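Asker: So I pulled this structure from the PDB, and the sequence comes with it:
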Amino acid sequence: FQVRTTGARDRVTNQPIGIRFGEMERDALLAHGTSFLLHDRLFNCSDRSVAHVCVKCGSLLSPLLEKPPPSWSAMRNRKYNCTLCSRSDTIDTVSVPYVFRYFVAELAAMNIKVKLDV
Amino acid sequence: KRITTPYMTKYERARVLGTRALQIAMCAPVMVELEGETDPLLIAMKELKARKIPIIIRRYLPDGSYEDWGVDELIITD
Amino acid sequence: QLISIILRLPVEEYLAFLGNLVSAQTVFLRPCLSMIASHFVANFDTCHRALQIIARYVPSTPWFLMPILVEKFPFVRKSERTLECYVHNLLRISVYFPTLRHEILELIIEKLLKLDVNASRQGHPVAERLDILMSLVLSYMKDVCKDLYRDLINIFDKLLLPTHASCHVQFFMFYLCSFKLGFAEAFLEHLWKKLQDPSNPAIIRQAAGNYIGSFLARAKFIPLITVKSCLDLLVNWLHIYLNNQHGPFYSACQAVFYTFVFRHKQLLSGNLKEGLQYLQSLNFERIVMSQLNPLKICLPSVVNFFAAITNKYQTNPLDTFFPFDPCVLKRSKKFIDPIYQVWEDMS
Amino acid sequence: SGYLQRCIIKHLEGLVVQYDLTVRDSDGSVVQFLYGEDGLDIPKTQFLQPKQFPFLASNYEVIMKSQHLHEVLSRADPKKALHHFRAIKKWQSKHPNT
Amino acid sequence: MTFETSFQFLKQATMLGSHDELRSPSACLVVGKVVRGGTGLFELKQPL
Amino acid sequence: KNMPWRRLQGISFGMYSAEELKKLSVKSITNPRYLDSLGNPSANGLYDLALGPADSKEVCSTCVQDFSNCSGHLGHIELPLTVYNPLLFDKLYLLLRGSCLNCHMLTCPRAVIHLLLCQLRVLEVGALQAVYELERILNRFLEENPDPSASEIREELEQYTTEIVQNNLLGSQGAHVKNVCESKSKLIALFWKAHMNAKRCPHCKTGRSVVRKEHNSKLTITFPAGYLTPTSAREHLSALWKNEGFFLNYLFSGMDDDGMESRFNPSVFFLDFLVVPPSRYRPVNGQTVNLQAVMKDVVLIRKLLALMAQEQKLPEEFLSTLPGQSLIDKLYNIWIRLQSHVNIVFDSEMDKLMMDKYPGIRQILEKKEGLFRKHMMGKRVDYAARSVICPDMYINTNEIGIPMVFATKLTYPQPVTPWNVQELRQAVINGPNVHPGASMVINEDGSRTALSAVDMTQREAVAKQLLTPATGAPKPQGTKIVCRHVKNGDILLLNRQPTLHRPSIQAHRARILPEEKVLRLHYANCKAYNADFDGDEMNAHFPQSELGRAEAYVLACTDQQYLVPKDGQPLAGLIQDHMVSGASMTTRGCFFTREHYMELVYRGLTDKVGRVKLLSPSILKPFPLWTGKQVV
Amino acid sequence: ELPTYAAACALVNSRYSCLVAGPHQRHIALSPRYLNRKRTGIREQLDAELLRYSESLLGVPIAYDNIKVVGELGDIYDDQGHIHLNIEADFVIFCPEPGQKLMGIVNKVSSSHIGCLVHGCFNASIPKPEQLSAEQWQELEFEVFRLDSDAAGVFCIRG
Amino acid sequence: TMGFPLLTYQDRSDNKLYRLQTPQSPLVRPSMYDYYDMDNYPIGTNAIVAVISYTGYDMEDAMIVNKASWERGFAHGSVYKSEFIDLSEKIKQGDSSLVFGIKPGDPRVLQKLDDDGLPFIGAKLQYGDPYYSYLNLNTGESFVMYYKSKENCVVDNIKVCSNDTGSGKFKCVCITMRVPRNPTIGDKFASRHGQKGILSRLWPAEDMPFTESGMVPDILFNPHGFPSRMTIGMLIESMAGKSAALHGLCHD
Ligand SMILES: [Zn+2]
Ligand SMILES: [Zn+2]
Ligand SMILES: [Zn+2]
């Protein structure tokens, strides 16, 4: 009996290690017309993560949060920096799965950059 | 100028009674006199019967046009 | 980093060097108050004068001070002396800061909620720590005493009335509003407002009605005329309900019956006249003989006591809890022994 | 036959039905103007057959409690779409064979 | 890229630089998004 | 609180430039040793902590966060000599087999390059009425006067392709229709397969520098009157694009702005740096050893280039005995080995020879053991159990029996209101082993409480501080939510493989049957699931959030999934005993008496909220009797 | 001390005090417990926003009036109860620019610091000498070269 | 069929031996069953099977077993896991000095394993119990290994094995373990006429349809397993075994 709750996350694609929903069951849920049960079981339960995008460009591996300053929380900034553009503005958060952030960071090994229109 | 279905489809009823049940939960103000039940869906389904759910629905046409229907206006089937 | 080396050392020349180090581009004062707050665990009076000089040098540091009060609280597992000295220094800070008293009061009342719920009237070290902190805060309330009453009403309505099955946090309001008739009168006005408003949930209304009954039935500084007026307003609300027509109805009926049981002598004037106070026997004849039967939901010992008294005179978890007379016998003696009235319902 | 159904699924995943009752793809492309040439559903067409019309002529009042709205206002106004069924049934008495 | 031969339909969409606007049900669960199915075929408003 | 509201409304991808990734990277590796001998990750190596952390306890040395808060940082492997790009090697060969070295143009006729330039700027707008009109006017302008002297443009083609682009400009976003992308992929495919073949150069009228390709790693030029190096290929193809950038960028709508006026550069066909993926996206690996093979060959290249840069001998443009051609001091074989290792990095079918390979990114992405089928379209899910189904009939058709080995582990987060309190008060008092309901509660500001099952004071402490916002935050954003157990009305979502039609997943109301370890279904359900009771095992998905319960009541419910999508026949009935029992009860011979009719009717019904109304006798005298039709 | 409006803080749009009173629109992620009694949720969120740095309104606010919402239909998202709005608000803001004149109230005097206040609330850090002399020194006006906005609810000016 | 496999359970070291406690001989059987002496190792138990559709949990290849009869010993069994442990084929670091042993004063193995590293005999084991502890003699660093199986097992016998000469060091052992494995719900039965049932519901004995002779049944079999399967042979076997148990006969 493979009952699952707060399952352990692996290293690549930190999702349940777990019980499998399955690619053919997606099909039946789409046939019902239940987009939110499907959004729950795919996005909300397995591999939900936030991602920070520079909304002008749209890249996901372009932000770089700085280290905290050696002033020891004396005007600690803790901001994000699109070092492609050196600007610390409109780094907005989006909600994309972590396997998509592996697809973006593995097309990035293939010299392929993916814009996002936010 | 709104020419779409006068009736509330099943997917409309699902999203309305889901969001309104989360707009009953998360300590949100309940808008009907009740007897003491504890399930948000039964509250949100007894509010649909009493024409109390104030939601506007943006029924997107494929162009990008949207009509604004109120839940009060749409005839729900019995 | 120079501030971490200097501030970890703990007199007058060090205080002047501290002023020279905190003038000095005041951005760097963010770790200094945290390092002083880590040194809270004599020297405490020197810390008081130091914090006075730092926080009166610039006006932005009292507006900055409250996350340090949230974070640097010594834990519940820490001993009695540390918590006692911290609450004593925090009440001293509440003395010399007129603006920051509300944050201090809500922090102390939340922490005493967490120490009250953990000690559920003994079936024991945390109960003695609760006793020491309650006696210190009540000694503070005795030493100080309208704005204090306003802050306690606000944090009462934000914290304690949603908190069910309380045992000791309502004692602070109980000893505060017993000092003046107007404070208890405004507290009864606020409780009747929370019971009267239909937009509030019924659980809050029943907890407020239980607090109404517990305050009107177990207080000695309350006059009789205020109790008569509050019971008359409650019975008028019961008549407004029974004119056209359940939960807060039962809570108000249990509060009125609870007040009548614990004030069996004061609800009658003289030996026997042609009519008693507000026609209370005819009131019970028109309430009990209704078709709603409120005696089933109440506590059956209270119902049997009420039946015995009315014969001699011719939801449920929200109604279970009551403020408890027994406590820790270390430090809550000299507060509870003055204004407590005798139990057992002997007549 | 995992392969056939997988291919027909991923070539007909997008074809949802729109508020103007025309079946469209995931890019606005018009496939059909009425779904299935009359616009109906496959579950809800079971009792529209002439063998099951006496089930719906008896049991006539059991249905008209979720269906009160065809003796009162805002519906039951056929007079714009009933002129066509006098026109078509009038044209087919002057032109018998088409 | 999800159907078959995920390396050629990646390579053409890198050469031609293709957009999609994310209205396809296979596409909008690669990214986190509600499928425009029955309960994605509108969005939901409230007055005030 | 603290959640994204910024959505996405479109995606697009094209190649990085060689300058963009240099300032999107962080650290250069330069050390071919992926792990040390002590056990630590290697210092300035491939699992370096200057990239993402190689475990869950150590932190990153670029942004100081642990494994839970970071996402890794890109490094890069510097390449001292240029290799080809393994994605676009085929189109590079087709831009050399259709071009020549004498004149840096392409050997295609210019009667059709102008047509394709003239149409693929129309279909960028997506007019599509005039992809036949442009070839009609091309044929008419070519038949009324033959003119090969028209070298750059034609005025009669460009009048239309500047008329229907300046006019009808607002529809630059309605180009995603199937009829537009079908036509543009068709025209570009007809170009690359029909007008890009090797022919004698008609513009320079000289001999042809023929190129030819073998085993996806080697370009060889010929002699007009031989290993084509990628440095000379950069120096050749860059001149080709500086001559033909007006057309070779509307084939390649590349990096940005659809390649308008020579935007797409010859920088993506050629690579002098390999960006590594982040360290946490390759767990401790098959993809690290490909990069180590590349890096060891780079060490060999530096060993060769330190000896070819001698002040005695400088031939460039034993101590290393392991390279192949020990006769000549050139060693093109090392450089083609480096380009072959880069092919091993990006794929494993462009390699045909090297046995020390492990699969690259195509085999990670493509097939059913890939991403788009194993991890991106069907995911391993949480809050779902699996067990063997068994027959049952004294629960409803819209019901499932659930054991109390699943209702102690399957947890639903309920938002604490002042409306549904005093039920979650009892479900913190019980504690996580007792089922009227129990808990694993999380507080306001977002840390779990983890109430212990051995004590009781540390559970009533939580059971009284529930509704009170005892945090003291400046903004109230959210409430406490109690991880409630599953109770006797909740929907579980029930799955039986193969999921071949729409009633193969349904929403069944839970019913916690005590002392059991199997799931239970009514018999009407085991025809839609096509179940056979003989070891069939189902998945019991449990919707955590709250809009996963609304379609679960209204849409995915068993009650409305009575018909089949195929033709609309019923897929729910009563199977074996009941067709005999109702054929024998409702026969004309049955006659119950008054005590039995009232027992049968109340076995049929069960605790319905309502007065059970009854018929009258079919036979009133000599005995009150009820026929079996009257019970039904 | 509490910052009230009090006619734009007694009309300090005057000499040696640079500011601007312009409208600003922000983003609203509203808790759904305020679908009746709407205004106190908007001003309960905004009271946790004042007296610090932000992005839409640049420097720092001191007060606000007429907090109204643009558009009558709020944006309930897909799987969400937080109803989303956007509030226009007539803030009273001020920020130091390079080459401006500000307030000054002296606290003490040292060898390297002059402590000047900005409108009685914000602190301006000014070095005491201009590298000429540091012996004799007896409202102050100064110049701003950099700005040092703090983190938690306070604000500073490097002068 | 889980039957009686063999007689020499102690010197055999198979992976899984499915033993059936109390197997019986069939009262109705062919003559070949005795020509080969299949009563040395019989496979199943007789049962008083009624063919009635009494309950409703009794359909689509499922059946009902009396609960009292289950509690008295109907088709009780065992299953004998046997793990052959070597300390140089599985665990291999260096010097091959791995003997089973305990360091004196180890809290992991206190009163749960014996003084030599192997578990006790008769000792019940659960998930997460110590299972063997072995001692690298070169340094002294005694390890431990834990019982990583789900089911409850009882240690039955422990055989210490040398090599083929007789000079091997104490590093091989083969722990044999009983696992009881009674009929739970979801365990499958059958007959000798190819008609599987799955055990669906253990029905309490007072609820069973008792007969006119006093007897309850033992297994209830559905009359809807017959007409699509056409096993007349279960009818004649039922009459035949009833008439053989009533006469002391064994029927051909
Ligand atoms: Zn950017
Ligand atoms: Zn990092
Ligand atoms: Zn040429």
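Answerer: All right, it came through fine. Numbering: from 1, shown residues only, chains lettered A, B, ... in the order given. Ligands and ions are numbered 1, 2, ... in the order given.
Asker: got the contact list for residue B:66?
Answerer: Counting by CB atoms under 8 Å, 6 or more residues apart in numbering or on different chains, residue B:66 makes contact with B:58-60. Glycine gets a C-beta too; all of them are placed from N, C-alpha and C.
Asker: Could you list which of the residues you listed belong to strands?
Answerer: In this view, the contacts of residue B:66 that belong to strands under DSSP state E are B:58-60.
Asker: which of the residues you listed has the most neighbours?
Answerer: Neighbour counts for the ones in strands among the contacts of residue B:66 (other CB atoms under 10 Å in any protein chain shown) peak at residue B:59, which has 19 neighbours.
Asker: now that one: how far from residue D:20?
Answerer: The gap separating residue B:59 from residue D:20 is 10 Å, by CB to CB, to the nearest Å.
Asker: Can you check which residues contact both of the two?
Answerer: Common neighbours of residue B:59 and residue D:20 (CB under 8 Å, 6+ apart) are residue B:4.
Asker: Residues of chain G that sit close to chain E?
Answerer: Contact residues, chain G versus chain E (CB under 8 Å from any CB of the partner chain): G:35, G:38, G:69, G:72-79, G:83.
Asker: And what about residue C:187, helix, strand or coil?
Answerer: helix (DSSP: H, G, I helix; E, B strand; the rest coil).
Asker: The ones in strands among the contacts of residue B:66: which ones sit near ligand 1?
Answerer: Subset of these in contact with ligand 1: empty, counting by CB under 5 Å from the ion.
Asker: so which of those residues comes closest to chain A?
Answerer: Nearest to chain A out of those is residue B:60 (CB to the nearest CB; 13.8 Å).
Asker: for that closest one, what are its contacts?
Answerer: Contacts of residue B:60 (CB under 8 Å, 6+ apart): B:66, D:19, E:41-43.
Asker: swap the cut-off to 6 Å and go again
Answerer: B:66, E:42 (CB atoms under 6 Å, 6 or more residues apart in numbering or on different chains).
Asker: Out of the contacts of residue B:66, which is nearest to residue F:398?
Answerer: Among these, residue B:59 lies closest to residue F:398 (CB to CB), at 30.4 Å.
Asker: Residue F:174 versus that closest one, what's the distance?
Answerer: Taking CB to CB, one finds residue B:59 at 21 Å from residue F:174.
Asker: What about chain F: which of the residues of chain G next to chain E touch it?
Answerer: residue G:79 (CB under 6 Å from any CB of the partner chain).
Asker: Just the buried residues out of the residues of chain G next to chain E, in PyMOL syntax.
Answerer: The buried subset of the residues of chain G next to chain E, as determined by 16 or more other CB atoms under 10 Å in any protein chain shown, is captured in PyMOL by this line:
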select buried, chain G and resi 35+69+73+74+75+76+77+78+79+83
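Asker: a markdown table please, covering the residues of chain G next to chain E and showing secondary structure.
Answerer: Output for the residues of chain G next to chain E, formatted as a markdown table (three-state DSSP):
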| residue | secondary structure |
| --- | --- |
| G:35 | coil |
| G:38 | coil |
| G:69 | strand |
| G:72 | coil |
| G:73 | strand |
| G:74 | strand |
| G:75 | strand |
| G:76 | strand |
| G:77 | coil |
| G:78 | coil |
| G:79 | coil |
| G:83 | strand |
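Asker: residue boundaries of the strands in chain D?
Answerer: Going by DSSP E, chain D shows strands at D:16-17, D:23-24, D:30-32.
Asker: Chain H now?
Answerer: H:16-20, H:49-51, H:62-66, H:77-86, H:98-100, H:124-125, H:130-132, H:134-136, H:145-146, H:153-160, H:172-179, H:188-189, H:197-203, H:219-221.
Asker: With respect to residue F:271, which of the ones you listed lies nearest?
Answerer: strand H:145-146 (50.1 Å).
Asker: Residue of the stretch 51-200 of chain C nearest chain H, please.
Answerer: Of all residues in the stretch 51-200 of chain C, residue C:77 sits closest to chain H, at 27.0 Å by CB to the nearest CB.
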